[PDB]
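Here is the structure we will look at, set down as structure tokens.
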Amino acid sequence: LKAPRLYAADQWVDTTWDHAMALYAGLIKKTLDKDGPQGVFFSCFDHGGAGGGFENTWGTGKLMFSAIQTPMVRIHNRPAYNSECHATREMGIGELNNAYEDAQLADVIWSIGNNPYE
Amino acid sequence: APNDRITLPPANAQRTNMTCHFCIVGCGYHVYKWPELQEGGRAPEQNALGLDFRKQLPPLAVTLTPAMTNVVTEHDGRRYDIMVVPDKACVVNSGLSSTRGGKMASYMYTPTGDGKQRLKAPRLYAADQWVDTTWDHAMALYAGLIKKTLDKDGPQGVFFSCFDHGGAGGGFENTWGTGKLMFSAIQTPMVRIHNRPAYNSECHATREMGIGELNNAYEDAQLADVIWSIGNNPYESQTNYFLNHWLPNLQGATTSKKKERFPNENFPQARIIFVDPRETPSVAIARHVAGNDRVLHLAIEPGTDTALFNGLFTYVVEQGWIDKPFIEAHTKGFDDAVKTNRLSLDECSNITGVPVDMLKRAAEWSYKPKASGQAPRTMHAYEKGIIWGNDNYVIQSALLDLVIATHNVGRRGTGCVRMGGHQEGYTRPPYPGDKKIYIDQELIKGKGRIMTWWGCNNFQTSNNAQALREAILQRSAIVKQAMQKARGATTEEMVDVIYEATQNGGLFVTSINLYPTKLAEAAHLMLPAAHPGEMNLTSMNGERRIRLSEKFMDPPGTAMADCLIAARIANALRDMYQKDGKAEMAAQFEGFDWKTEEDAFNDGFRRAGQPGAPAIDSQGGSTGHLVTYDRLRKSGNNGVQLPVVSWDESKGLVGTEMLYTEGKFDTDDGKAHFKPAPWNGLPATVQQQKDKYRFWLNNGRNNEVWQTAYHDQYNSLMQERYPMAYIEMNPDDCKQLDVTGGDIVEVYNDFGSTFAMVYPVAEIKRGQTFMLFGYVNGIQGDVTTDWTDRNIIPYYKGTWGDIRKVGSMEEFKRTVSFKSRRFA
Amino acid sequence: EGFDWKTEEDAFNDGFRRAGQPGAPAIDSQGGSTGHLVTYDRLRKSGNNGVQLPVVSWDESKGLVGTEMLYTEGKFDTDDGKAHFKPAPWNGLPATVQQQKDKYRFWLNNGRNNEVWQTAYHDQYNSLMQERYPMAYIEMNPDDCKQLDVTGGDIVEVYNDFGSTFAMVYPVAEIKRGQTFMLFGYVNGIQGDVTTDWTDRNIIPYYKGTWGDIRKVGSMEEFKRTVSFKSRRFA
Ligand SMILES: Nc1nc2c(c(=O)[nH]1)N[C@H]1C(S)=C(S)[C@@H](COP(=O)(O)OP(=O)(O)OC[C@H]3O[C@@H](n4cnc5c(=O)[nH]c(N)nc54)[C@H](O)[C@@H]3O)O[C@H]1N2
Ligand SMILES: Nc1nc2c(c(=O)[nH]1)N[C@H]1C(S)=C(S)[C@@H](COP(=O)(O)OP(=O)(O)OC[C@H]3O[C@@H](n4cnc5c(=O)[nH]c(N)nc54)[C@H](O)[C@@H]3O)O[C@H]1N2
Ligand SMILES: Nc1nc2c(c(=O)[nH]1)N[C@H]1C(S)=C(S)[C@@H](COP(=O)(O)OP(=O)(O)OC[C@H]3O[C@@H](n4cnc5c(=O)[nH]c(N)nc54)[C@H](O)[C@@H]3O)O[C@H]1N2
Ligand code: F3S
Ligand SMILES: [Mo]
Ligand code: NA
Ligand SMILES: [O]
């Protein structure tokens, strides 16, 4: 993608960024003004690397949560605003608790629900 | 890859013949093919080009760029260099390559090149997603639906829009295969043509008057005193005819040859007259070449051609600048046409807007006797400005009347000819119905169970295209929704589900193509086809010169020649009918036992007019059987002009240079027939748009872009130059709308809405515009009307609309040239 | 053109009586296309009973004959003659209204009083009306009243993010805690100041959907002397 793309009713065309923002922000604004945030939905990455990361998760999160203030947000891999690791975290154990060096120091490695070579 | 060298073909490289894939002119090319890890040396005898690359080459020595090279990967996995370059010894082009034909190498299929997205296998929209499917399953579904439709609704339920043309995505094998399938086997009349919404001709009037539209040789353009280009932008649309034949005439390089043929005839400097509302690159280039004094631009009001030709005809008759012995011996209806078509110069001028002096001059140059006594040799060339003009049938009536009265058919250096679009390659059974049917209107109105687009894309190229797409997308959606409920169905059950959805407004859509295209937005089934070079293919150019394009590489995946796709469908349908114990229906699907494209050439072109043959309409005529692949190979890219007159092993194919030179026309009596040509103004549908909206929405070709840009859309240079369809606008009009080059506008009227990037052009008249037709980004046809002439020929050049600024595309400003395309 | 009218009957002829007639422009009329059967004189002869529209026939002997109930044949005013069901989503209160509810205490219900007509354009000049309702009133729950130290004839400000207005307090036992009812449209204390800008898809306001707070201004002794604050719910 090199420029904004618009489906103008019956065909794909290019459009300008200003037009795209007029249409997109205009709809969000209209929805906020008449329905409030509950009318504006997102499914958004929450991850790192390409298509994520600390800059990007902040930008999107600030936009969705602090500015628009919509709760109608799901995550790239799961259909609500939730965690993969509710239980371990609630038990007091955040899911990334070691180093890769620990895999070198182990007597035994369990690989559970996991195909790590691939 | 590296942009600063090329791999030369080895001295011993394989070399095959190829006609350009694209426009009517049909320039000759050679394809050099050799293993990837070999190359030629720079010394001239150590490369296949015979050129000396040990030092700089002079101008005209070669046409060679990286875009003219590629590396293909064949079905055996081995990689071969190819180089596709123009043939210096071909009479058509004399080693010229247009910017379009020049890219053929780049547009051959390779896994990583511009052809990367070529269709390689059947694609199925299985209700909610695109997947691959087998050929067997695809045929079971497609033939299964055709069979069910035939069984319950008859042929009237099976619709096609199919190419009827030559070159790539057409030609004699392919038009026969498709025509036999549609007309002799299925026997559906629900068939339109790639460029027009019924089963009709662009040239009903000239044909009915006895003058087939391709009646001369390209050499005639060299021998003419005067060339008319009517509704035609030939530098851009028939480049190498214009460059290699027309211009040499204007430059004086053909004067010797005229004088050698006609010892006692004056030949003044040649002149050129353009009848075109718009000042085009062709007009500008003609003026640079010949000077302003030898070019007449009759910048008529849109849609006024009939009035122009009636005024000219009236005048040459009143002046006596006609051939009375010719009229008396070889024509019928003259006296009647003088009365019906009478129009004064003053009235002509008022309607057309051309000043009287310019009308007189055009007549003086073209028809007033030369000092030596003979009439000028005036070749009248025309194309889509009048074929898609204000009443196709009447314009041609008006023009041909002028031509016949002035004896400008059948004499060397004359002709009243189509310039052409695609190449020609038609061999078909007769159309099986007795009426013209406006196919798009029928589809919009909810008729048909199954529609196949076959080597066309009317999403981009229909008239009133927005109405078409709206309807097809909706009808397509009904079928997708119905398919959605299925789980675990047999092919036969799925046929039933789809058939039922078509009783509820649905339409099953198939596309048979090189590429997905915009049709993929609605299609349920897409089948992969093969283009020239992946198959043998025959076709003829605008002077009827038939050539063989030789196969030299494999198609992508399981892509097939269109004629063999037609055989596949026929044989599927036959098996289904045999299996259902229906011997009589099965037999309708006989005659497709084909292994190779040559089988289709033998069954079609070469059977026409032969004993015990069915009725066959063929541009080859009844001597078509004298042409074989082997004989065409021996002819080379010079081929033969059709019809063939004789053949023997020692003299090869000998054909026909010019038609009608004995004064016998294609009518019952052998005479040419004049016709009345009434001036009725614009059609009401079009006049209403003109009354409501500001801009004439002229449309047509750009030199660099081929058609619906099915290849060019993947070419990074093409997309950088023309990222969006452009609209030429007068600069004063631009300032009024606060737009400049690289802004995006909406163009709209009562028929639809589309978009374009603004291209200020000083030469465009106030209140007129010109938009690129057919493109992938901003479809022009949305704003064309539904209006057609008596034979369902659209007035594609006849529409008006308003223009609204969307915004400035800064990226276009930074990357696209908005500089003048009119050379001076 | 088309306003050469000397009397109101001219406008009846030009409008109601032309609807659906030959050569007539497009006209939307509750009379329908049989409107031309109605004339002043025929209405006079009908008396105060008139005729239920649409008129189905007329003649001098039977007068206007009209339509009692619509849709008794099962043919509805749609393309296909059927009645069409529609989806009806529950989305709670509009955000704009919910925000006032979240910020403020009282549901500010509003509407009619039996004795008062509309914006009181006549009633404001009527000395009996003005004695009985000198100021717009607000029905309040008596327990809510005690909490705010107000009784009948006190003056309160009613306000929220949209505006501020005033009312005289009318304790009403039947009002629910947290709810109120103020006379709308009135000449002394305009209720609409505190209604929101929110409308449905066709710009229909939720006039009955607003919340606000209530603040005592003071005791209007004159209202206490002259106005009944007795119950308007008959038993
Ligand atoms: N407004 C407006 N509309 C016009 C015109 C105009 O002047 N104004 N011009 C009209 C004219 S003259 C024409 S020719 C039409 C063009 O209308 P179309 O025929 O719809 O357009 P093309 O680009 O020629 O379509 C060729 C299609 O076939 C595919 N293809 C190419 N090679 C092959 C092959 O070997 N096999 C198969 N099966 N498919 C192949 C391409 O990928 C592409 O999708 O548009 C017409 N429409
Ligand atoms: N570069 C390139 N060349 C091609 C093609 C392509 O896509 N690209 N397509 C090919 C095909 S399939 C075809 S059909 C041909 C078409 O080739 P042409 O017909 O030459 O090209 P067009 O641009 O469609 O239109 C020709 C001219 O008609 C003029 N015109 C418009 N309205 C009228 C009118 O009322 N009267 C008259 N007298 N003139 C009018 C326009 O101003 C335009 O200059 O080109 C072929 N060659
Ligand atoms: N005395 C008198 N009669 C009049 C008028 C007048 O000014 N004075 N005006 C006339 C006019 S123009 C009109 S429009 C009519 C109006 O006549 P009605 O609509 O009957 O009267 P209102 O008092 O506007 O409101 C009706 C009821 O709506 C209830 N209500 C409030 N919110 C809701 C809600 O969310 N849901 C439900 N289901 N009920 C709710 C209120 O408690 C109230 O009793 O009266 C007409 N008649
Ligand atoms: S190179 Fe091709 S596009 Fe036409 S002018 Fe020649 S046949
Ligand atoms: Mo064409
Ligand atoms: Na559109
Ligand atoms: O064409």
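A, B, ... follow the sequence lines: proteins, then strands. Residue 1 opens every chain. Hydrogens, waters and symmetry mates are skipped; everything else that's a heavy atom, side chains included, is used. Just follow the structure's listing: the first ligand is 1, and inside any ligand the first atom is 1.
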Using the ring centroid of each side chain, check whether [X] and [Y] are separated by less than 6.0 Å.
{"X": "B:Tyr199", "Y": "B:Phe183", "value": "yes"}
{"X": "B:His245", "Y": "B:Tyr218", "value": "yes"}
{"X": "B:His711", "Y": "B:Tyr515", "value": "yes"}

Test your reading of the model: is there a side-chain donor-acceptor pair from C:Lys103 to the backbone of C:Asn160, 3.5 Å cut-off?
no

Does B:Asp712 reach the main-chain N or O of B:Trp706 with its side chain, forming a donor-acceptor pair under 3.5 Å?
yes

Per-atom contacts, ligand 3 versus [X] - under 4.0 Å to a heavy atom:
{"X": "C:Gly111", "value": "23 (O), 24 (O)"}
{"X": "C:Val116", "value": "1 (N), 2 (C), 6 (C), 7 (O), 8 (N)"}
{"X": "C:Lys208", "value": "22 (P), 24 (O), 25 (O), 31 (C), 32 (N)"}
{"X": "C:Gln118", "value": "5 (C), 6 (C), 7 (O), 9 (N), 10 (C), 11 (C), 12 (S)"}
{"X": "C:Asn114", "value": "1 (N)"}
{"X": "C:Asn113", "value": "1 (N), 2 (C), 8 (N)"}

Taking [X] first and then [Y], would you say they form a salt bridge - that is, a charged N and a carboxylate O separated by under 4.0 Å?
{"X": "B:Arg545", "Y": "B:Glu424", "value": "no"}
{"X": "B:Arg196", "Y": "B:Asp164", "value": "yes"}
{"X": "C:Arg233", "Y": "C:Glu139", "value": "yes"}

Does the protein put any heavy atom within less than 4.0 Å of [atom]?
{"atom": "atom 27 (C) of ligand 3", "value": "no"}
{"atom": "atom 40 (C) of ligand 3", "value": "no"}
{"atom": "atom 18 (P) of ligand 3", "value": "no"}
{"atom": "atom 22 (P) of ligand 3", "value": "yes"}
{"atom": "atom 4 (C) of ligand 3", "value": "yes"}
{"atom": "atom 36 (N) of ligand 3", "value": "no"}

Which protein heavy atom lies closest to [atom], and at what distance to 0.1 Å?
{"atom": "atom 16 (C) of ligand 3", "value": "C:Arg112 NE, 3.8 Å"}
{"atom": "atom 47 (N) of ligand 3", "value": "C:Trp117 CZ3, 4.0 Å"}
{"atom": "atom 43 (C) of ligand 3", "value": "C:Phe181 CE1, 4.7 Å"}

Within 45° cone of B:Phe773 ring axis and under 6.0 Å: B:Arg701 NZ or CZ
yes

With a cut-off of 6.0 Å (strictly less than), are more than 12 heavy atoms of other residues, nucleotides or ligands near CD of C:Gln30?
no

Contact between ligand 3 and C:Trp107 is defined here as a heavy atom of the residue under 4.0 Å from a ligand atom; is it met?
yes

Going by distance alone, is a donor N or O of one side chain under 3.5 Å from an acceptor N or O of the other, for B:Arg192 and B:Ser161?
yes

Which segment of C:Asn109 sits under 4.0 Å of ligand 3 when only heavy atoms are counted
side chain

